[PDB]
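To start, the structure itself, in structure tokens.
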Amino acid sequence: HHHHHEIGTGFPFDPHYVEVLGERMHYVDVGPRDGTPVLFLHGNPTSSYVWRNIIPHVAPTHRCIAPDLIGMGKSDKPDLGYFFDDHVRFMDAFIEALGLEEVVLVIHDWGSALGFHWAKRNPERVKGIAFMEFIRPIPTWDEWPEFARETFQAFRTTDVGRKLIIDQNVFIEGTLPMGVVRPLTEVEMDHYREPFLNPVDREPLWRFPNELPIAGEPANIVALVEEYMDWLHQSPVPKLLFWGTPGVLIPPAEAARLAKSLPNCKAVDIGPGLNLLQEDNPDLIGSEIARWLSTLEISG
Ligand SMILES: CCOc1c(C)cc(C)cc1CNc1nnn[nH]1
Ligand SMILES: [Mn+2]
Ligand SMILES: [Mn+2]
Ligand code: NA
Ligand code: NA
């Protein structure tokens, strides 16, 4: 006989779809219909799943929109190279397809590059940006985390890199768990694996690290990233920066610097964390975003 009697693993959000440049994109859409929407953008190799435990904190007061990038999550998977340029084109068109006007961004990893680049080009529409573990220029390999130098150098080759990421699914099975301090459960791993069970679908997982602005290459990405970082230092847009210890892309020392150099910026320590801060302390991140959103309406 039986009797009846943690960081959430479920994804209790109804699928929403919109046609974007002839392809179907999936997104979470919850919360009130009026007011300024909060747009959550994930990076590599995740999906809207990464926001699952953060969104419920914001949804009571704001619309939350969390798309899966083209070729990822539940969005369609056209035969693209999935360059950053492709993601930009699709994300621009997604935002237009939903008829969004002003927005608040919550962005992470490659999602931050998309968010920052979009904000730079749409200064009058951005009402706030929350960000963490974001893409910035990496002048030399010495400025890349030591533990991942050899690995990412290998990733950034055609034959070896594709064998690792596409054939062996290393970014999902290897790199992903290394971006979280706590161990991911099998249920969580399965939600992350889901979009990429078919090896040929793993193209964006390989192109993304090959797009990273490292040692001047790719030059186009480096220029673009420098441009939005320059814009960011000059914009009065409200900013909220989450960081963890030791972090990965944004070490604590770097978070302290940005908190001062970026105008109108608040920085929040999430405790232990690497790249996927959302997976180590989603309640703090969600709570702080919800409260920060409230202060955006306070004049002073
Ligand atoms: C230094 C390794 O850092 C990472 C770790 C340890 C884990 C994950 C998931 C991601 C990254 C990095 N971000 C990333 N790489 N290519 N596209 N986005
Ligand atoms: Mn179509
Ligand atoms: Mn192809
Ligand atoms: Na399993
Ligand atoms: Na999934």
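Don't worry about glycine lacking a Cβ; one is built from the backbone with ideal geometry, like all the others, and counts go over all protein chains shown. Values in this text are rule-based calculations from the coordinates and carry no lab data.
Details
- Tabulated pairs, segment 14-29, first farther than 15 Å from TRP51 by Cβ, second basic (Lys, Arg), C-beta under 8 angstrom, 6+ apart or interchain: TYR17/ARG24; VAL18/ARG24; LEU21/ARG89
- Here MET189 clears all of (1) within 14 Å of ligand 1 (Cβ to nearest atom); (2) of a type outside the set (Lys, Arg); (3) closer than 30 Å to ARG125 by Cα except the condition numbered (3).
- Beta carbons closer than 7 Å, at least 6 apart along the sequence or on distinct chains, never pair a first residue in segment 187-206 that is within 16 Å of ligand 2 (Cβ to nearest atom) with a second that is in a helix (DSSP H, G or I) and polar (S, T, N, Q).
- Hey, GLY128 within 17 Å of the chain's Cα centre (by Cα) and of a type outside the set (A, V, I, L, M) or not: yes
- Number of residues in segment 46-67 that are out of contact with any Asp or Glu (no Cβ under 9 Å at 6 or more places or on another chain) and either more than 17 Å from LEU296 (Cβ to Cβ) or crowded, with 23+ Cβ neighbours inside 10 Å (or both) equals 6.
- Test: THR175 is over 16 Å from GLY43 (Cβ atoms) and either within 14 Å of ligand 1 (Cβ to nearest atom) or not aromatic (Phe, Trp, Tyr) (or both): no
- Qualifying residue in segment 268-285 (condition: within 16 Å of ligand 3 (Cβ to nearest atom), crowded, with 19+ Cβ neighbours inside 10 Å and not small (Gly, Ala, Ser)): no
- Search result, residues across segment 31-65 that are hydrophobic (A, V, I, L, M, F, W, C), under 18 Å from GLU188 (Cα atoms), away from ligand 1 (no atom under 16 Å from the Cβ) and not in a loop (DSSP other than H, G, I, E, B): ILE55
Yes/no per residue for (1) closer than 20 Å to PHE134 by Cα; (2) more than 16 Å from ligand 1 (Cβ to nearest atom); (3) within 16 Å of the chain's Cα centre (by Cα):
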{"position": "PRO209", "(1), (2), (3)": "yes, no, yes"}
{"position": "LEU224", "(1), (2), (3)": "yes, no, no"}
{"position": "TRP231", "(1), (2), (3)": "yes, yes, no"}
{"position": "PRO251", "(1), (2), (3)": "yes, no, no"}
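- Qualifying residue in segment 135-146 (condition: under 17 Å from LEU274 (Cβ atoms), more than 16 Å from ligand 2 (Cβ to nearest atom) and under 17 Å from the mean Cα position of the chain (by Cα)): yes
- The helices (runs of 4 or more DSSP H) found wholly in segment 244-300 and carrying at least 1 residues that are among the small types (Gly, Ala, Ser) occupy 252-261, 282-295.
- Of all residues in segment 68-81 being within 16 Å of ligand 2 (Cβ to nearest atom) and buried (at least 24 other Cβ atoms within 10 Å of the Cβ), the one that is farthest from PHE94 (Cα to Cα): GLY71
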